[PDB]
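Examination of the molecular architecture
Residues per chain, in single letters:
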Amino acid sequence: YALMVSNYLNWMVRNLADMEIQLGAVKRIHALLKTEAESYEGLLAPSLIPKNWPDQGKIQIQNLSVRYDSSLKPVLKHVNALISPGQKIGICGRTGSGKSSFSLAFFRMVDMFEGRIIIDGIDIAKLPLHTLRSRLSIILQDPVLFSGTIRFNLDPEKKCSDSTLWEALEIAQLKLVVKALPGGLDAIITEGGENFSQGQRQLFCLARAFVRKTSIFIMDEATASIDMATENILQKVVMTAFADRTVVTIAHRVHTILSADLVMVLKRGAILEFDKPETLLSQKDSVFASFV
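The rules we used
Residues numbered from 1 in each chain as written, not as in the entry; some residues may be left out. Part of a larger assembly, values for the part shown. Heavy atoms only, no water. Residues with missing side-chain atoms left out of burial classes, pairs and counts. Helix = DSSP H or I, 4+ residues; strand = E, 2+ residues; numbered from the N terminus. Rg over C-alpha atoms; globule rule 2.2 N^0.38 Å. Pairing = 2+ DSSP bridges.

The name the PDB entry gives the chain is SUR1, with Mesocricetus auratus as the organism.

Written as structure tokens, this is what we have:
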């Protein structure tokens with residue numbers, strides 16, 4: 001045994017250094033589980049007290065601001081605007097203050113909501129986190145395409161079996177795209193939409209709106225898009241305004257959101273000037289000059 005003492009002494013020290021990697025391995029996990037925030041639950045019974053499926057999308061916000069940096073230096077400052085039910089309001093702003101601050105409150109994406117927000121008579125605080133955005137369709141700036149089957153991508157969350165969304169998506173644009181894939185309904189995404197139209201991702205939201213019954217729609221400016229993509233965006237907004245009777249358009253182009261029921265803009269982290277009609281902002285040349 002004495003002869004083995006030296007041999008095993010090296011082995012014990014060798015493993016002790018190796019266990020240090022294991023000791024640090026749990027450190028990366030312990031820190032992750034140390035802090036918990038943004039629980040996905042309603043305040044009290046957020047399943048039946050609110051509307052089953054809001055359609056008008058009326059917003060009653062009084063001195064409402066969006067804060068994320070521990071309620072210090074928030075990007076919004078007491079935004080108190082009443083939405084117009086039955087119409088689509090296009091809030092056009094050069095910066096994201098009009099868009100990002102408003103979007104976060106609508107989907108409860110703001111860590112701190114310095115105010116009270118009510119959607120179709122239902123408060124955001126007492127509403128489900130998933131249902132807040134489930135009925136509030138939204139799109140990003142650049143196209144985003146996932147990888148998987150069409151039936152698992154067109155209606156991923158809803159898992160609806162209706163084939164009208166596929167026809168509606170094809171009717172809007174990229175009708176021949178479906179015919180290219182032999183699978184059709186079960187066709188998988190070609191490398192997550194590596195080679196497809198930029199507006200196809202936006203067109204996916206339109207099909208989801210007709211499938212998931214997401215009345216509220218959120219629009220974002222497209223960094224890259226075709227000339228006809230803007231026309232499709234205007235057509236989709238008109239369909240959402242006519243049918244869903246609720247849509248929020250956010251873009252950096254004044255002309256794109258010019259044909260809107262209401263025009264809003266935020267500057268310097270607060271509400272600089274908002275126009276109830278569409279031609280009220282057209283009277284002032286400052287808005288047009290800033291856009292172009």
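Now, onward.
1. Some words on the overall build of the chain
A count of helical and extended segments in the chain gives 9 helices and 10 strands. The C-alpha atoms of the chain give 25 Å as radius of gyration, which overshoots the globular expectation for 292 residues (19 Å, by more than 25%). A principal-axis box enclosing the C-alpha atoms of the chain has dimensions of 95 × 55 × 45 Å.

2. Here we look at the pairing of strand β9 (residues 263–267)
For a regular strand, the rule is simple: side chains alternate between the two faces of the sheet. Direction of pairing for β9 relative to strand β10 (residues 270–275): antiparallel, over a ladder of 4 bridges. Its bridge partner lying in β10, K267 is registered against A270. In textbook terms, the turn of a hairpin is the stretch between consecutive antiparallel strands, and for β9 and β10 this stretch comprises 2 residues, one of which, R268, has a positive phi near 60 degrees.

3. Describing unusual backbone geometry
The phi torsion at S71 lies on the positive side, around 55 degrees, for a residue other than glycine. Among the structural elements, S71 can be located in the loop between β1 (62–67) and β2 (87–92). With phi around 55 degrees, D120 is a residue other than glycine that occupies positive phi space. Tracing the sequence through the fold places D120 in the loop between β4 (118–119) and β5 (122–123).

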